[PDB]
Every structure is written in C-alpha cells, then in structure tokens.
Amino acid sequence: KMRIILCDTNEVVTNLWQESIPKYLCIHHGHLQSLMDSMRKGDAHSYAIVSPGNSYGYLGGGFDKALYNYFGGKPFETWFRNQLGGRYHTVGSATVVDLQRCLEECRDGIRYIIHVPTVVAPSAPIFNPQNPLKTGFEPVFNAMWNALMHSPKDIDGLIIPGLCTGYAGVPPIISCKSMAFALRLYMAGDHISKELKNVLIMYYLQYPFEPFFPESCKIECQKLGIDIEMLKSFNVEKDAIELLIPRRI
C-alpha cells in the first residue's frame, strides 16, 4: 500500500540495496532534488522523508543539506529546529515534523520529515571497526526501525536515504544490511507475530537471551520454516537475513 523509496547518491549504497532486498519499493540512485523534480509527472500523493540528522536539528551537511536547500534554507532550518523544541534529541529518538504548517514554504507532496538523529554532532564518525555491531549494525537498525515505526499512516510514500552512511561513517555494507533487515520485518506485515519479530531482532543484534524467547515463538518458527538453531547462533557479520525472515514468507 505505502510505497517505500530508497534514494541515495552513493551507488555503492544503491547497489547494496538492490542485493539485499527482494511496485511497493523503489530504489533511486541520485540526488533527492531530482527525485523530487521527478515527482511531478505522476499524479496529474503525500510523502514523508526520513532524514538522518544530528541531535540538534542543524541541517548543514549530507542529506539534511538537500532538505535545507529544497525547503527554504536558513529560515527553514530555524523553523525546523523550533519544531524540535530547539533542544537535544538523543540518538535513538525519532521526531516527525509536520510541514503542513507551511500554510501557517510548501512544496511537492512532501508533508513530513521524520528527523532521526544518527550522530550527536558530526565531529567524528560513530563507527569503530573494533565493534561493527554496537557502532554500525545496531545504530543503523534502530534508526531504520524508529523511522518506520514513526511513519505517519496517512502517507503514500516514504523516502529514505542510506542511514549513518555519510558523516556517521558506517560502511554501506553494514548499514544496508540493517536497513534491509528492518525493512524486511516491516514488509512481512502480520505474516510474523510482533513477538517473533522481537525475537528475530534480539538475535540479529546478538543478544542471545533465552528467557526472552517464548515457547509460542518457537512453535511459530517451526510453523514458518525458520531454523531455530541457526537463529540462536545468528552472526550478523556472516549470516544472510534470509535465515531470519525466509523469502518464502
């Protein structure tokens, strides 16, 4: 129903998206601006744009900069930061900014910006090859999961760029995988219970805590064709997402 548009100027990101994801979803290699211009020859449709930002709402670089240019520059940034309460928002949070208030700056079919801080400030990458899990796989998944969970149900399409793949410095190979996983859970709809999705996330993030693996979910894995042994030993650095969410689903 809701179209998901993955947009990014880095072909490495777009190529990786093509590989890890099975209409309902579209991939666009190129600038957001052009995708927007391109978004004027179809409906002759309201969207929300996920933007990986900083904890303060400044839009001085990366994807945020495209948003800054496209929506009115420095007055828009000023307005934007005020919508966020002008204060610190933690990485792990997500805030929807309604552009409808433009009527009090309006443009195209974009009504929302889902602000998801990926860095406190771009003073240094968040990534550390010593632990690609805590500084890569996990933060990207969380940012994607929150953006999806916060997506207004009234929109026609959701525009999302690579997350943490710019100033945050997370390798695309790592980010794309977590984005693909979050999206795969979301697209599984009700074919997988919420509880089982919770369990799949827990093992994907390598937190093998048995007490949080209910028997009902074990029965559901057997019914869905998910190998429980491989689930309990899922290694985010070597195993395919398919082992958690079979495409047959």
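In this text, residue numbers run from 1 along the sequence as written.
- The entry models residue 44 and residue 45 with a gap of 4 to 9 deposited residues left without coordinates.
- Missing coordinates between residue 104 and residue 105 amount to 4 to 9 residues of the deposited sequence.
- Comparing 24-32 with 201-209, the stretch with the higher mean C-alpha B-factor in the PDB entry is 24-32.
- Note on 69-77 vs 130-138: mean CA B-factor is higher in 69-77.
- Across 193, 54, 222, 51, the greatest Cα temperature factor reported in the deposited entry is at 222.
- Annotation for residue 186: C-alpha temperature factor in the highest third relative to the rest of the modelled chain, per the entry.
- Sort the modelled residues of the chain by CA B factor and residue 166 lands in the lowest third.
- In the deposited entry, the Cα temperature factor of residue 100 places it in the highest third of its chain's modelled residues.
- When all modelled residues of the chain are sorted by CA temperature factor, residue 59 is found within the middle third.
- Remark: residue 39 belongs to the highest third of its chain, ranked by C-alpha B-factor as recorded.
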